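The numbers here are math on the coordinates, done by the rules we state, and not lab data. Please note: Cβ atoms are built from the backbone with ideal geometry, for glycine as well, and neighbour counts cover all protein chains shown.
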Amino acid sequence: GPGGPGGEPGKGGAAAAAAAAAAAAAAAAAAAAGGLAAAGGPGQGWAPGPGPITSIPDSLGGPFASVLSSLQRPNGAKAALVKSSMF
C-alpha cells in the first residue's frame, strides 16, 4: 500500500488494460479471414442533410421572413376578349 491508512487508493491503470484487449481482439478478427478477402461496411442511414448549419434554428412553423416582393398585377381569370376584332 501507500504507507498505512489505505482504502480505495485509485492507482492501478485498469482502463489501460481494457483498451488493450479491444485492440488485441481486432488482430484475431483479421487472422480469422482465410482466402476470400471481404471487409464489409455499408454506409446507410444518418446521412448528411442538404446544407448543414452549425447553429440551425429549432423552429416549427411558418417561414417568418421579410420579403421585398409584393403583388402588382397577378393573373388569374377565365375570360377571353372577343371585342373590336379586325382580321
Report task. Determine the pairs where a residue that is free of Cβ contacts under 8 Å to residues at least 60 places away in the same chain and surrounded by 10 or more Cβ atoms within 10 Å (Cβ to Cβ), located within region 33-46, has a partner that is part of a loop (DSSP other than H, G, I, E, B) and of a type in the set (D, E, K, R) with Cβ atoms under 6 Å apart, the partner being 6 or more residues away or on another chain. Result -> none
Query raised in the report: Is it true that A27 is outside any loop (DSSP other than H, G, I, E, B) and either surrounded by 10 or more Cβ atoms within 10 Å (Cβ to Cβ) or in contact with a strand residue (DSSP E or B) (Cβ under 6 Å, 6 or more places away or on another chain) (or both)?
Result: no
